[PDB]
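**Student:** Structure incoming, see below.
For neighbour counting, all protein chains shown are included, and Cβ atoms are generated from backbone atoms with ideal geometry for every residue, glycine included. A short reminder: the numbers here are calculations on the coordinates, not readings from a lab.
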Amino acid sequence: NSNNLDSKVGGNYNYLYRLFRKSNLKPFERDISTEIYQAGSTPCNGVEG
Amino acid sequence: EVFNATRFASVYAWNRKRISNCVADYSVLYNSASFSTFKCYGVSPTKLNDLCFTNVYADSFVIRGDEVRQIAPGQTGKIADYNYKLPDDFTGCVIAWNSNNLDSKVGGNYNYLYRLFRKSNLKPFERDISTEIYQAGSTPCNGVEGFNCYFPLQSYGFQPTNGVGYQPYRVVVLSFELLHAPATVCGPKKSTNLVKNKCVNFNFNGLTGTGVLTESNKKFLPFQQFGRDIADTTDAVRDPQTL
Amino acid sequence: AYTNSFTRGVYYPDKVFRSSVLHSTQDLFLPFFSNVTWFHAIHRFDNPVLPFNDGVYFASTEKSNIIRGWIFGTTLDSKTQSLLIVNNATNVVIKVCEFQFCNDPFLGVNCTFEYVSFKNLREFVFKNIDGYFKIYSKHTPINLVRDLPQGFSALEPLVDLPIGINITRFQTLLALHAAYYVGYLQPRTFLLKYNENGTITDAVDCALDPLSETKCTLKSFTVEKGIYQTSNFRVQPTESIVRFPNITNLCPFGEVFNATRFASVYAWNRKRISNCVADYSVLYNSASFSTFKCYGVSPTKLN
Amino acid sequence: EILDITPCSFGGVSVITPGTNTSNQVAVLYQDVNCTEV
Amino acid sequence: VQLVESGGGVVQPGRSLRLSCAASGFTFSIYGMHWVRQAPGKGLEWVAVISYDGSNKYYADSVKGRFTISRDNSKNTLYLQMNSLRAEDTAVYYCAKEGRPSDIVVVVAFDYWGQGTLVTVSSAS
Amino acid sequence: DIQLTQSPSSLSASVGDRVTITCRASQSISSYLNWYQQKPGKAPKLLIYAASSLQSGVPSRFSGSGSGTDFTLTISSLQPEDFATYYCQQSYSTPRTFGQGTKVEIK
Amino acid sequence: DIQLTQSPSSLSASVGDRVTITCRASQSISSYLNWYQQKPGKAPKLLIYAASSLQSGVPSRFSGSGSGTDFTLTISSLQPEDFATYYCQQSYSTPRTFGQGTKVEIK
Amino acid sequence: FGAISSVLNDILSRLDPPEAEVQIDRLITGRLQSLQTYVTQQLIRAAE
Amino acid sequence: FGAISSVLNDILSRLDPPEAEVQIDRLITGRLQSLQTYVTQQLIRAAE
Ligand SMILES: *[C@@H]1O[C@H](CO)[C@@H](O[C@@H]2O[C@H](CO)[C@@H](O)[C@H](O)[C@H]2NC(C)=O)[C@H](O)[C@H]1NC(C)=O
Ligand SMILES: *[C@@H]1O[C@H](CO)[C@@H](O)[C@H](O)[C@H]1NC(C)=O
Ligand SMILES: *[C@@H]1O[C@H](CO)[C@@H](O)[C@H](O)[C@H]1NC(C)=O
Ligand SMILES: *[C@@H]1O[C@H](CO)[C@@H](O)[C@H](O)[C@H]1NC(C)=O
Ligand SMILES: *[C@@H]1O[C@H](CO)[C@@H](O)[C@H](O)[C@H]1NC(C)=O
Ligand SMILES: *[C@@H]1O[C@H](CO)[C@@H](O)[C@H](O)[C@H]1NC(C)=O
Ligand SMILES: *[C@@H]1O[C@H](CO)[C@@H](O)[C@H](O)[C@H]1NC(C)=O
């Protein structure tokens, strides 16, 4: 753990998550594609909410 | 309606709504981020959409966070040994997501029960609603109070301020029974027409496999579906769309 | 009264189309040559409640369509879930309410699922399995009025329906202004001879008699002259002597569990216990203890 | 006390039959058991 | 969770009275119900115990025969019929919920109580 | 039967004082005492169960201990709102009895 | 579009009062309301999201609920610092709107 | 042969490779054992 | 045969089914090969 060096005093927000993506990730594949998530129902590209 | 239910039942007496003869569509159903645990045992969850089952089973109830890991094949624990018991050969899988959204309003929720110790371990798939009393070796009973006659049904004290492992996880477990019977439930895949006298890969009612399909002079009985060979290999099927 | 269930009772166990195949299956069947309790519908008499079982064979000779109904309940008194099947003039009715049944429940001449539709044998085999209720049927005509006819008619599966109960008691419904038979199935192994079309024409009970065991072993109806080894004899142990040593001194677990000065982790106690009658079962029959996970021996059996 | 344990009697069961098409009378042979355990 | 005690007041000696204990907020049909009196100036005194279904009801020797506590799980309300009231019966009365703390230790303890109602057995008016 | 004995029957103390109240049972119950606080004119509040365990929402200065027949309720630092009547309640068996009540007041 | 109507528009209550503020949507959103507390002259503060889920650092007396169109924010015991203007905010779709604001005052 | 199902397509169809192997490897070991016994039977019968 | 104990009753007694299966399945496979070997020994020696 790295509390001594991270989470300084108010919530460190510099580290990310990459939550759900369309398909399961193949081994040793770093993915940086952050276009948006779609969730079946067509509406996108007005990306909010 | 199962997942959008309004009154989840307590764990000691779980609902067992049955689903059959309908076109299930699992893939979109779990294509939502709400569900927190989705461990599937008998079937890889992705392929759920493809299979055909004879019958399924929707069992739902409410438990705290720590017990959700317990609901599983080959598990032991308080709810595991006393409320809901899965056979080792469980074919199906479990669903989990919290309901602090909907439960433990602000002052101590007491509408969900526990079914603590009972005389003997619970056999798989048995809802037990018999809470008359416990005995604890030392005889004096039917004077129901206080010493070594301890009431079996505890209640959950559900609080909005209850940590993360004590919160109410609404769960629902699907158990598929897969047999060589007319499959009532199936995924949502439309079908092509029939091509005969030709080497075609074929899937009938979810049977699967390839072959050369030709008309048969043999006379099935009305109820029979699947012709079979002396070596117990499929050789004849009845076309579902047209008999 | 009793009589002989000569050969009746075989039903297509599943959905298959074997042609000229001798197929061995193990399932609930009416054992051959069994005693079936034979109930009358003459003169006073009545149709008593009959115990259900893993399965029930119901064969009735009928000449005037008196018999119309069946009852399948645990209590049969509206306390507990109760199925009904009745056939009035042209309609077949199945209901599963918690019905208030008459002590003499007869058809004179929280509710749930419903569906609606001597010269005669309306043979039926009512079996309840794995939360599913199955009904099998056949309508062979006969002219022998006295008793059951020898012969072999297979039973096609009429209907299947999903109730899922403890059905443990049974009664029938007669039209009141026609004898019927009852047999109880058993988990026997049968060898069924499918014909060319698939009509079962003959079958043999694998356990009826020494000759019949061979037919299953050879997997043939006709067996040639000779000696055939079939099964293995075993003398079942009758008593089970529980002999353990004779020393009387209870092991000192109590002081360990009722200790006052538990030692620290780095310097943990190592109290040794031996030469005594330990009693693990009552020891851990208390709900204080939080973790009991046992590796080398299943916890219950320790005693 | 000095005790011997001898495993309980067991043998194969053989069925003597004339060919069925002649008859159905059948006699049974129990292998290597005394005629008391039957 | 609210427990409603009511039915106290001024009563002449030797008379009778029925007290009410209304249950709300929890599955009342699953817990024993107790009445406990506290007479003015002195402490708490256990009075009566009933089963979760009312099928088993017990009292203290000070009140046996005189008092009859009742239960109606259909509407989930508790009652106590005191007959032949006297000056010693003048006391505030508590109906208290039974049950155990949130989960295992052993003990069954007195959790959430009522609010108290005085039953003053007095000839004055 | 079971008899509950408290000592002292009453006392007074100043703010911050360590108070100790003893409840002795007729016989060995060892697991069943319950400490309740009653402010006058209001309903009692459960404080301690099993004679050594603390109820949620109660300040940590409250503390309980004991087993067998000897039981104790202690407060490390008395506070201006502590001052009330405390009853020990055994739950070993029916009919459950109480102590004689102990009122702690100001000085 | 989506419209939010609150009730009451404003109110006053004494300390400890259970105050309830209702927000109805134009149509069924059922998961997207957000309760924000704005003191006068300062920036609004998040209290509740998804119309029934609590934001950390918010006192427990704060409580929200609802689904479909009917939503409510409830406070068990009103406190000297709770008096402010509260806005329900749906997140169902753009343009994400607010209610008309509910000011809590002292009487 | 101590696997969930005899029909190979099922195991291949329902559950995905990473745990499917543990299921097939019992089918292979069992089936391969059966075929090997048959051959040794034929070889001996061939000599006769 | 690479199991906890050669005696069947031990692994039968001491452990309940869920773990017993993996232990027994090793014994059965081990015994079965031993019986398989013996028969093939007899058949070959029978020919001679
Ligand atoms: C269905 O109902 C029967 C009652 O007719 C149940 O059988 C009882 O089981 C208990 C088990 O503890 C026995 O002690 C009783 O003796 C049985 N009854 C009789 C009359 O002997 C049966 O358990 C119920 N079904 C299931 C699945 O439990
Ligand atoms: C059938 O019942 C008769 C008496 O009617 C009895 O002698 C016979 O042994 C019984 N046989 C069987 C198989 O139950
Ligand atoms: C037959 O019985 C059913 C049982 O519900 C009843 O509703 C019906 O009226 C009866 N008659 C006919 C003609 O169906
Ligand atoms: C219907 O079912 C409920 C389920 O708890 C039961 O309480 C009720 O008694 C049943 N109705 C009747 C008439 O028994
Ligand atoms: C099969 O059925 C046909 C008529 O459906 C009949 O002509 C034929 O004899 C039957 N064969 C057998 C073996 O039953
Ligand atoms: C065998 O039985 C058939 C009839 O089933 C008969 O025609 C034939 O003559 C019999 N053969 C012998 C050798 O008995
Ligand atoms: C069976 O036991 C009797 C004594 O009871 C003995 O005479 C006989 O020889 C025994 N049979 C054999 C085959 O040893």
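**Student:** Using modelled amide H (1.01 Å from N, peptide plane; none on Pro or chain starts), what sits under 5 Å from the amide H of B:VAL43, excluding residues fewer than 5 places away?
**Tutor:** Excluding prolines and chain starts, which carry no amide H, the hits are B:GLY92.
**Student:** Another question, then. Calculated from DSSP H runs of 4 or more alone, at -39500 (n - 2.57) each and per residue, what is the 222 nm mean residue ellipticity of chain C, nearest 500?
**Tutor:** Numbers: 3 runs with 18 residues, N = 303.
Here the helix-only value at 222 nm equals -1500 deg cm²/dmol.
**Student:** Would you calculate a helix-derived [θ] at 222 nm for chain B, using -39,500 (n - 2.57) for each DSSP H run of n ≥ 4 and dividing by the full residue count, to the nearest 500?
**Tutor:** On the way: 3 runs with 13 residues, N = 243.
One gets -1000 deg cm²/dmol as the mean residue ellipticity at 222 nm.
**Student:** Among C:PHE113, B:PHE220, what is the fewest-to-most ranking by other Cβ atoms within 10 Å?
**Tutor:** Numbers: C:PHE113 12, B:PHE220 18.
If I rank by nearby Cβ atoms, fewest first, I get C:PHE113, B:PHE220.
**Student:** Averaged over its residues, how many other protein chain Cβ atoms are within 10 Å of peptide B:26-33's Cβ atoms? List each step's numbers first, then the result.
**Tutor:** Details: counts 0, 1, 3, 0, 0, 5, 3, 4.
Mean number of neighbouring Cβ atoms from other chains: 2.
**Student:** Over 26 Å between Cα atoms, which of F:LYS45/F:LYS103; C:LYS134/C:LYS219; E:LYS42/F:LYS107; B:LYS119/C:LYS95; B:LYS198/C:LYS219; B:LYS218/C:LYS15 qualify? Mind showing how you got there, number by number?
**Tutor:** Working: F:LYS45/F:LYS103 14 Å; C:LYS134/C:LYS219 29 Å; E:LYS42/F:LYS107 22 Å; B:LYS119/C:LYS95 36 Å; B:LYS198/C:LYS219 37 Å; B:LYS218/C:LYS15 15 Å.
Over 26 Å Cα-Cα: C:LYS134/C:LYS219; B:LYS119/C:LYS95; B:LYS198/C:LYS219.
**Student:** Further, regarding this structure: If we count every other residue with Cβ under 12 angstrom of C:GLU196's Cβ, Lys/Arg +1 and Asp/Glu -1, where does the sum land?
**Tutor:** Details: positive: B:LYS218, B:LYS219, C:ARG18, C:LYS193; negative: none.
Residues near C:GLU196 contribute +4 overall.
**Student:** Which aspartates and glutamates, on any chain, are close to B:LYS190 with Cα under 14 Å apart, when same-chain ones fewer than 8 places away are left out?
**Tutor:** B:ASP25, B:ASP50
**Student:** Right, something else. Shielding of C:9-19 by partners, i.e. mean partner chain Cβ atoms within 10 Å per residue? Spell out each step's value before the answer.
**Tutor:** Values: counts 0, 0, 0, 3, 0, 7, 12, 9, 15, 6, 7.
That works out to 5 on average.
**Student:** A further question on this structure: Hey, in chain C, which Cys have no second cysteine's beta-carbon closer than 4.7 Å?
**Tutor:** When partners are defined as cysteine Cβ atoms under 4.7 Å apart, chain C leaves C:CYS102, C:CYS294 without one.
**Student:** Give the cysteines in chain B for which no other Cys Cβ lies under 4.7 Å away, or write none if there are none.
**Tutor:** Singleton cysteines: B:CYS22, B:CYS141, B:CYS149, B:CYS199.
**Student:** While we're on this one: List, in order, the whole-Hz ³J(HN,Hα) value for each residue of region I:36-48 obtained from phi through the Karplus relation with A = 6.51, B = -1.76, C = 1.60 and θ = phi - 60°; use x for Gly and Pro.
**Tutor:** Karplus-based 3J(HN,Hα) across region I:36-48 equals 4, 5, 4, 4, 4, 4, 5, 4, 5, 5, 5, 4, 4 Hz.
**Student:** Shifting gears a bit: More than 47 angstrom separation, counting every C-alpha pair in the protein assembly as shown; what % is that?
**Tutor:** On the way: 293973 of 569778 pairs.
Percent of Cα pairs beyond 47 Å in the protein assembly as shown: 52.
**Student:** Hey, could you grab the Kirkwood Rh for chain I? Inverse mean 1/r over distinct alpha carbon pairs, Å, one decimal.
**Tutor:** Numbers: mean 1/r = 0.0831 Å⁻¹.
About 12.0 Å, per the Kirkwood formula over Cα pairs.
**Student:** Further, regarding this structure: For G:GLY68, go 7 angstrom from Cα along the Cα-to-Cβ vector, then report the distances to that same point in the other copies in nm, smallest first.
**Tutor:** Between copies, matching label points for G:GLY68 lie 6.4 nm apart.
**Student:** What shape does region E:2-121 take by its C-alpha gyration tensor, where a ≥ b ≥ c are the square roots of the eigenvalues and a/c under 1.5 counts as rounded, a/b above b/c as prolate, and the rest as oblate? Let's see the in-between values first.
**Tutor:** Details: a/c = 1.79, a/b = 1.61, b/c = 1.11.
Prolate, because a/c is 1.5 or more and a/b exceeds b/c.
**Student:** ³J(HN,Hα) across region E:25-42 via Karplus (A = 6.51, B = -1.76, C = 1.60, θ = phi - 60°), whole Hz, x for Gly/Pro?
**Tutor:** x, 7, 6, 4, 5, 10, 9, x, 10, 10, 10, 9, 9, 10, 6, x, x, 10
**Student:** At a 10 Å Cβ-Cβ cut-off, how would you order B:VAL212, A:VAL9, fewest neighbours first?
**Tutor:** Numbers: B:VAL212 10, A:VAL9 5.
Ranking B:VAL212, A:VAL9 by Cβ neighbours within 10 Å, fewest first, gives A:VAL9, B:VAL212.
**Student:** Averaged across the residues of E:30-40, what count of C-beta atoms belonging to other chains lies within 10 Å of each residue's C-beta? Spell out each step's value before the answer.
**Tutor:** Numbers: counts 7, 4, 4, 0, 3, 0, 4, 0, 7, 0, 0.
That average works out to 3.
**Student:** Restricting things to Cα coordinates, could you compute the convex hull volume per residue of region F:4-105 in Å³? Write out the running numbers ahead of the final one.
**Tutor:** On the way: hull volume 9.1 nm³, N = 102.
Hull volume over Cα atoms, normalised by residue count, gives 90 Å³.
**Student:** Residue by residue, what Karplus-based ³J(HN,Hα) values in Hz, rounded to whole numbers, does region G:87-94 have, using 6.51, -1.76 and 1.60 with θ = phi - 60° and x for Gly and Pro?
**Tutor:** 10, 7, 9, 7, 10, 5, 6, 7
**Student:** While we're looking at this one, here's another question. For B:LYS123, list the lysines whose Cα falls under 24 Å from its own Cα; do not include residues on the same chain fewer than 8 positions away.
**Tutor:** Answer for B:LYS123, where 24 Å is the Cα cut-off: B:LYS17, B:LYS39, B:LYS78, B:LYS85, C:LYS127, C:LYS293, C:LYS301, listed by chain and number.
**Student:** Across the Cα atoms of chain A, what radius of gyration and what greatest pairwise Cα-Cα distance (Dmax) are found, in Å?
**Tutor:** Both quantities, over Cα of chain A: 15.7, 45 Å.
**Student:** For chain B, what does the equivalent ellipsoid look like in terms of its semi-axes, each the square root of 5 times an eigenvalue of the Cα gyration tensor, given largest first in whole Å?
**Tutor:** Working: eigenvalues 422, 95, 36 Å².
The answer is 46, 22, 13 Å, longest axis first.
**Student:** Which value in Å does the Kirkwood hydrodynamic radius of chain C take, with 1/r averaged over all unlike C-alpha pairs and then inverted? If you can, show how the numbers build up before the last one.
**Tutor:** Numbers: mean 1/r = 0.0409 Å⁻¹.
It is 24.4 Å.
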